[PDB]
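Consider the single chain below, provided in structure tokens and representing the form deposited in one PDB entry.
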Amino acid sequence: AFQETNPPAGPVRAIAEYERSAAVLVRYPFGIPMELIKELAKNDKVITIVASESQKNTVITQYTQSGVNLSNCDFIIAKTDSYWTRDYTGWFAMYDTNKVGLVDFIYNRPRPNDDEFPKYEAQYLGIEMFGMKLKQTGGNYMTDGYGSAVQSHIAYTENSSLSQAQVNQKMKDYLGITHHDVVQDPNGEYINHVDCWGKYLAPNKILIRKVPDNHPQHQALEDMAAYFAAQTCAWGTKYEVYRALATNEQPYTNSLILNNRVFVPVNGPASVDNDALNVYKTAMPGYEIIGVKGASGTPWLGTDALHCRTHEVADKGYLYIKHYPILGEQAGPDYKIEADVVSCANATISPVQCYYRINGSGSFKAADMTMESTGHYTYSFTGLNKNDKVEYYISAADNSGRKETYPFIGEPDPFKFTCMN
């Protein structure tokens, strides 16, 4: 059964989908097209859940026949009731300064093998599992990686024996969430997953579904988009709100961000798909945006598509860069950057650099950041002139062979600010 545990030793920080992923978790019998599994396995580890050695051999034959990169295919043998790995698998969080853990919860649907599955996931990854006593659904959860999470109103109505404050406190204790944004549902739907209408694309970017003016959800979604555009995000700027127009219930927000690739389910028409992919491409410079057609037997649905049938897996040895950027004309008066870098592999970190460029001229220059205290690195931009334009990003490496940048995509989309002092 679900086993409640004490919460993880603090501080805790839930890991966002756009942070480094060591793998992606899918399930057999499949709910996704083989073409998607082949694309995933080209660059990333694909973990497939199977119920037996027999099913594992069936899957290996299908992957071989389809030309899947078998060197990137791993398996977990466990019973499951469904292929909605988004919804019942564990949630990832960093805790105890430099550990990666899994958070289990009471799955909100009567599928006991799905509900039990996180134990097998933690065992496979060799990480600790914590049991947060809330009725939850992964499809209805997203975090920005800076302590905010968005969920539909189901997060309170399915935990109605607790007060909202008790629900928020569990999210704080197990996932480090300091703003549990459970948004109102004016239509009070029986099922309402945030990934059907909203998606953080970055700490400062959110995609909100848009529908035609006469659709019954038109005003509710316009209100949601205005709510996010009017408020401050983790980086101190307003959210950038992007809109994916669903003319006919296309699940365009139900995408998967996996490292530098974004897999977007597409159902047509082709012009409306192209418009939606161009919103993702505009929102996420440097990323590879891939439209993915559905499998004929298990097609994408408006309320259930690619994000619902995948789950990114964090890196147990994550080389994590925590940084709040200095941006625009609001970067001063102190043009000093700070980055906290920790190795969850307990590896030796070296080097920690600021790569920067002035007025878009020449190659990026690397400067070693000063380690003022353990895990705390700084760099001051000096000798700049009024109205100079800066691009910069953070780079770190460790002796486990990990290499990371902040932002994740690195040099293709660095942080930008203007010298106003």
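Heads up: residue numbers just count along the shown sequence, starting at 1. Only the largest set of C-alpha atoms that superpose within 1.5 Å between the two forms is called the rigid core.
Omitted here: the form deposited in another entry. The next part is about that form.
Q: Which residue, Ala229, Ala295, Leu327, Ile191, is displaced 2 Å or more at the Cα between this form and the one not shown after superposing the core?
A: Of all the options, the C-alpha that shifts by at least 2 Å belongs to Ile191.
Q: Have a look at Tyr190 and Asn159: in that other deposited form, are their Cα atoms closer together or farther apart than in this form, given the change is 3 Å or more?
A: Compared with the form shown here, the C-alpha atoms of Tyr190 and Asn159 sit farther apart in that other deposited form, by 3 Å or more.
Q: How does the C-alpha distance between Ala331 and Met369 change in that other deposited form compared with the present structure, closer or farther, given a change of 3 angstroms or more?
A: Relative to the shown form, the pair is farther apart.
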